[PDB]
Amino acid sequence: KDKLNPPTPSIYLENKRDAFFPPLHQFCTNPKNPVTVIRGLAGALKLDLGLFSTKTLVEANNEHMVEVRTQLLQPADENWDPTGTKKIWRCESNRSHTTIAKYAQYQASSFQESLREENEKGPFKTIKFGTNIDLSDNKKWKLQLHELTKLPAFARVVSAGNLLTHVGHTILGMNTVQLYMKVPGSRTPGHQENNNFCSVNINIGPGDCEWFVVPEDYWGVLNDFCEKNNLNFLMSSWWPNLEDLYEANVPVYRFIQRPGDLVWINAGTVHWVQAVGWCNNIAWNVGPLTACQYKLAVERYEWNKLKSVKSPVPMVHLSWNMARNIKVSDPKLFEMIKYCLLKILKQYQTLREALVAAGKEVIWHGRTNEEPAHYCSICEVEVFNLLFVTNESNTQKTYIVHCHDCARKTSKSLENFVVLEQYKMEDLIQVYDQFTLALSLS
């Protein structure tokens, strides 16, 4: 049915007014729109995409690291086993590193070679995709990062309405810019964003990308398929067979992103992308202040625990920063945050009383401002407030963090550990008590 091939939510921008019009940010963050393509965005804002051209990038930081994916050049929207006899979900990708200068040479010679060839069931050729290029350093990428502050607030890397701004520290590639350098067939395989955060992607050009999108609420179907085909949904490289998805009554949005078009991926939307031509892309994440964003981020945070996968977003730390610093006026989002804080508080009280009842000392350790959230050095779970550190690491002042469970597993009565406390209970209770719903009339 055509309900399985829905139209792409699209906004067509002409000028700065259209870009700054409030209904645009509302349309993007509406859960009903799994993806929004904001066409003509760069043109409307007079954004200089030339600052992200391969020539410019080479001049700026020619030795900068590029992660290379070596992949097969597959036809159209398909993925075939290498023998070319059946379509399969697993895709072949080898990883290596290079520099912006070397990948640039390849990107150009790739184009020259296609010109020559034009003047003339696989097996398939190999291509290289330059991915995950880290544009976090403002000293190396001043002009590039400055250009992006011309976006409307809701889409910027940094803004008051962005939950990632409220984390209070860098999360690489989420609240810092990533760049991609591509040749035709460069594939970003199927995924959801880290902790289901929204994402922004702008195509620099000169060529096009083709996007495939499934709504968040079908992510389970794709997780199922993955397991049925011996794949880790979160961690393997897979490229959905569209025939399988259609048979499964999964709607698939598909569109072309042209140079200067911004793609807004909504919370939890499943997606995969390929370069149609030669192009670069830039991307980052944004966390709008909505009930839907927070709910989905919390859910994936908890799912990640079950799957033994680290959450790049420390949702406990973030939740406390929202309560300390953000007046929240949406009643549904308020109740979610308030609920989470209460769970955190009651688990922390239960653990801290257990320690005290067992006669284990709790050491006042405190905290530096802007100090990042801590994760367990063994299981990578976020650890809040009570840090378990070995006697030795404490002595050395390396303060290597374990969670309670990992510490107990090593050291049955915690005899090898000290317990460090970063926050007074009375102070957390106060932050919770004073976190109340603000009135907004809109």
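Quick note: we count residues from 1 along the sequence shown, nothing fancier.
- Coordinates are absent for 10 or more residues of the deposited sequence placed between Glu120 and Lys121.
- For the segment pair 185 to 193 and 364 to 372, the entry gives 364 to 372 the higher mean B-factor, averaged over Cα atoms.
- Here 136 to 144 and 79 to 87 are compared by their mean Cα B-factor, and 79 to 87 comes out higher.
- Looking at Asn203, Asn175, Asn94, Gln347, the one whose CA carries the top B-factor in the deposited record is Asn94.
- When the C-alpha B-factors of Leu163, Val356, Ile127, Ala283 are ranked from the entry, the top spot goes to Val356.
- Looking at the C-alpha B-factors along this chain, the one for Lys46 belongs to the highest third.
- Placement of the Cα temperature factor of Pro251 within the chain: middle third of the modelled residues, per the deposited record.
- Ranked against the other modelled residues of its chain, the C-alpha B-factor of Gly260 as given in the entry falls in the middle third.
- Annotation for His317: CA B-factor lies in the lowest third of the chain's modelled residues.
- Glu243 sits in the highest third of its chain by CA B factor, as recorded in the PDB entry.
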